[PDB]
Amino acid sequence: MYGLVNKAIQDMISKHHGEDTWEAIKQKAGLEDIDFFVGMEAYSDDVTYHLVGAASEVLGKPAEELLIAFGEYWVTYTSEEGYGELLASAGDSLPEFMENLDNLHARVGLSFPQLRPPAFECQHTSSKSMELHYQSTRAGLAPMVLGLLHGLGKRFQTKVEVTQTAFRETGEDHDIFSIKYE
(Lines of atoms letter the chains of each structure in order from A and count residues from 1; the text may use other names and numbers.)
(Lines give C-alpha, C1' and ligand atoms only; values in the text may rest on other atoms or scores of the structure.)
Protein backbone atom coordinates (compact mmCIF):
# COMPACT_ATOMS: atom_id res chain seq x y z
CA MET A 1 0.00 0.00 0.00
CA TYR A 2 1.15 3.59 -0.47
CA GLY A 3 3.88 4.38 2.06
CA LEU A 4 1.30 6.54 3.79
CA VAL A 5 -0.04 3.51 5.63
CA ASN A 6 3.44 2.34 6.63
CA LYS A 7 4.50 5.76 7.92
CA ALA A 8 1.30 5.76 9.99
CA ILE A 9 2.07 2.39 11.57
CA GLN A 10 5.59 3.65 12.31
CA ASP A 11 4.31 6.91 13.73
CA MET A 12 1.86 5.11 16.04
CA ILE A 13 4.32 2.54 17.40
CA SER A 14 7.03 5.17 17.86
CA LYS A 15 4.66 7.60 19.55
CA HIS A 16 3.22 4.93 21.86
CA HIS A 17 6.34 2.80 22.50
CA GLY A 18 9.45 4.81 21.55
CA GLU A 19 11.94 4.47 18.69
CA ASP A 20 13.91 1.71 20.39
CA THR A 21 10.82 -0.49 20.10
CA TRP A 22 9.99 0.78 16.61
CA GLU A 23 13.54 0.07 15.45
CA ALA A 24 13.23 -3.38 17.01
CA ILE A 25 9.94 -4.17 15.26
CA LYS A 26 11.50 -2.88 12.04
CA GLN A 27 14.54 -5.19 12.28
CA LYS A 28 12.36 -8.18 13.17
CA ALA A 29 9.96 -7.39 10.33
CA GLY A 30 13.12 -7.81 8.25
CA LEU A 31 12.94 -4.25 6.97
CA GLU A 32 16.06 -2.82 8.61
CA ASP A 33 17.12 -1.90 5.08
CA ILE A 34 14.38 0.67 4.36
CA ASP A 35 15.87 3.77 5.97
CA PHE A 36 12.49 5.52 5.83
CA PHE A 37 9.09 5.07 4.15
CA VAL A 38 7.98 7.37 1.34
CA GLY A 39 4.39 8.58 1.67
CA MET A 40 3.43 8.70 -2.01
CA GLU A 41 5.21 5.53 -3.11
CA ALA A 42 3.48 2.17 -3.70
CA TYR A 43 4.81 -0.73 -1.63
CA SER A 44 3.93 -4.43 -1.56
CA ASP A 45 0.95 -5.05 0.71
CA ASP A 46 3.24 -7.60 2.39
CA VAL A 47 5.41 -4.79 3.73
CA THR A 48 2.51 -3.74 5.94
CA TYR A 49 1.59 -7.23 7.13
CA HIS A 50 5.19 -7.85 8.15
CA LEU A 51 5.05 -4.73 10.31
CA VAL A 52 1.78 -5.96 11.81
CA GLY A 53 3.27 -9.41 12.44
CA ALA A 54 6.47 -8.08 14.01
CA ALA A 55 4.59 -5.56 16.14
CA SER A 56 2.45 -8.45 17.36
CA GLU A 57 5.46 -10.38 18.67
CA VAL A 58 7.52 -7.46 19.93
CA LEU A 59 4.56 -6.08 21.90
CA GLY A 60 2.95 -9.37 22.92
CA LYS A 61 -0.37 -8.23 21.46
CA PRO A 62 -2.36 -9.88 18.72
CA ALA A 63 -2.38 -8.54 15.17
CA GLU A 64 -6.15 -8.09 15.20
CA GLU A 65 -5.73 -5.92 18.29
CA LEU A 66 -3.09 -3.54 16.92
CA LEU A 67 -5.12 -3.31 13.70
CA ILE A 68 -8.05 -1.96 15.70
CA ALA A 69 -5.81 0.61 17.34
CA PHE A 70 -4.30 1.51 13.98
CA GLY A 71 -7.80 1.93 12.57
CA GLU A 72 -8.57 4.70 15.07
CA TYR A 73 -5.14 6.27 14.77
CA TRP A 74 -5.44 6.52 10.99
CA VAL A 75 -8.42 8.89 11.18
CA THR A 76 -6.47 11.24 13.45
CA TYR A 77 -3.11 10.81 11.76
CA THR A 78 -4.43 11.67 8.30
CA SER A 79 -6.21 14.85 9.42
CA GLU A 80 -3.03 16.11 11.08
CA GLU A 81 -0.35 15.01 8.60
CA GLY A 82 -1.65 16.69 5.42
CA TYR A 83 -5.19 15.42 4.86
CA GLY A 84 -7.53 17.48 7.04
CA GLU A 85 -9.66 19.15 4.37
CA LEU A 86 -9.91 15.94 2.35
CA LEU A 87 -11.45 14.29 5.41
CA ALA A 88 -13.51 17.38 6.21
CA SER A 89 -14.96 17.20 2.70
CA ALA A 90 -16.27 13.70 3.44
CA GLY A 91 -19.11 14.84 5.70
CA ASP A 92 -20.39 16.09 9.06
CA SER A 93 -21.53 12.70 10.39
CA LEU A 94 -20.65 9.01 10.49
CA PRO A 95 -23.41 7.80 8.16
CA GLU A 96 -22.65 10.56 5.64
CA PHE A 97 -18.88 10.08 5.81
CA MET A 98 -19.32 6.37 5.11
CA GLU A 99 -21.40 7.06 1.99
CA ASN A 100 -18.59 9.34 0.81
CA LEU A 101 -15.76 6.81 1.08
CA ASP A 102 -16.27 5.37 -2.41
CA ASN A 103 -16.40 8.97 -3.67
CA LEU A 104 -13.52 10.02 -1.42
CA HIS A 105 -11.24 7.22 -2.63
CA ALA A 106 -12.07 7.82 -6.29
CA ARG A 107 -11.22 11.43 -5.53
CA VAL A 108 -7.85 10.22 -4.23
CA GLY A 109 -7.01 7.50 -6.76
CA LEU A 110 -6.99 10.18 -9.46
CA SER A 111 -3.79 11.59 -7.97
CA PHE A 112 -2.40 8.14 -7.16
CA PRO A 113 -3.49 5.44 -9.66
CA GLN A 114 -1.78 2.46 -8.03
CA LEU A 115 -4.41 2.84 -5.31
CA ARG A 116 -6.49 -0.29 -4.71
CA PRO A 117 -9.41 1.13 -2.70
CA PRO A 118 -12.02 -1.00 -0.91
CA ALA A 119 -15.76 -0.71 -1.53
CA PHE A 120 -18.13 0.41 1.23
CA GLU A 121 -21.87 -0.12 0.73
CA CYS A 122 -24.44 0.97 3.31
CA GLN A 123 -28.01 -0.15 3.86
CA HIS A 124 -29.41 2.29 6.42
CA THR A 125 -31.74 -0.07 8.29
CA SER A 126 -32.92 2.91 10.38
CA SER A 127 -31.87 6.36 11.63
CA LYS A 128 -29.47 4.91 14.21
CA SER A 129 -28.70 1.61 12.50
CA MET A 130 -26.95 0.69 9.25
CA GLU A 131 -25.36 -2.39 7.70
CA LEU A 132 -21.86 -1.93 6.28
CA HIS A 133 -20.46 -4.07 3.47
CA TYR A 134 -16.67 -3.97 3.32
CA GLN A 135 -15.05 -5.22 0.12
CA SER A 136 -11.28 -5.17 -0.33
CA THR A 137 -8.47 -6.55 -2.46
CA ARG A 138 -6.64 -7.22 0.81
CA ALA A 139 -7.22 -9.80 3.53
CA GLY A 140 -7.34 -9.50 7.32
CA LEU A 141 -8.05 -5.79 7.73
CA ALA A 142 -11.59 -6.10 9.05
CA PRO A 143 -10.26 -5.25 12.53
CA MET A 144 -8.77 -2.04 11.15
CA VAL A 145 -12.19 -1.08 9.78
CA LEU A 146 -13.50 -1.65 13.31
CA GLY A 147 -10.95 0.87 14.57
CA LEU A 148 -11.63 3.22 11.68
CA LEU A 149 -15.31 3.36 12.63
CA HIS A 150 -14.65 4.17 16.29
CA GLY A 151 -12.15 6.80 15.15
CA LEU A 152 -14.95 8.35 13.09
CA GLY A 153 -17.15 8.12 16.18
CA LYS A 154 -14.68 10.26 18.11
CA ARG A 155 -14.33 12.67 15.20
CA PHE A 156 -18.09 13.32 15.30
CA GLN A 157 -18.55 12.91 19.05
CA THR A 158 -20.94 10.04 18.28
CA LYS A 159 -21.34 6.90 20.41
CA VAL A 160 -21.19 3.86 18.12
CA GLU A 161 -21.44 0.09 18.61
CA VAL A 162 -19.81 -1.98 15.86
CA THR A 163 -20.22 -5.75 15.57
CA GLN A 164 -19.25 -7.95 12.62
CA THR A 165 -21.87 -10.39 11.32
CA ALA A 166 -19.89 -11.93 8.44
CA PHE A 167 -16.20 -12.68 7.84
CA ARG A 168 -14.39 -13.00 4.52
CA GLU A 169 -11.43 -14.89 5.94
CA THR A 170 -13.81 -17.75 6.78
CA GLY A 171 -15.17 -18.28 3.26
CA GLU A 172 -18.01 -15.75 3.13
CA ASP A 173 -17.92 -13.45 0.11
CA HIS A 174 -17.10 -10.30 2.08
CA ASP A 175 -17.09 -8.75 5.55
CA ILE A 176 -20.35 -7.31 6.85
CA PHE A 177 -20.80 -5.16 9.95
CA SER A 178 -23.92 -4.11 11.86
CA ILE A 179 -23.71 -0.59 13.29
CA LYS A 180 -25.63 1.30 15.98
CA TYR A 181 -24.87 4.96 16.78
CA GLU A 182 -25.96 7.86 19.00
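All residue numbers refer to positions in the sequence shown, first residue = 1.
As recorded in the PDB entry, 20-28 is the stretch of 165-173 and 20-28 with the greater mean C-alpha temperature factor. Mean CA temperature factor is higher for 50-58 when stretches 141-149 and 50-58 are set side by side in the entry. Sort the chain's modelled residues by C-alpha temperature factor and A106 lands in the highest third, per the entry. In the deposited entry, the Cα temperature factor of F70 sits in the bottom third of values across the chain's modelled residues.
Among the modelled residues of its chain, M40 has a C-alpha B-factor that falls in the highest third according to the deposited record. Among all modelled residues in its chain, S127 ranks in the highest third by Cα B-factor. Split the chain's modelled residues into thirds by C-alpha temperature factor. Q157 is in the middle one.
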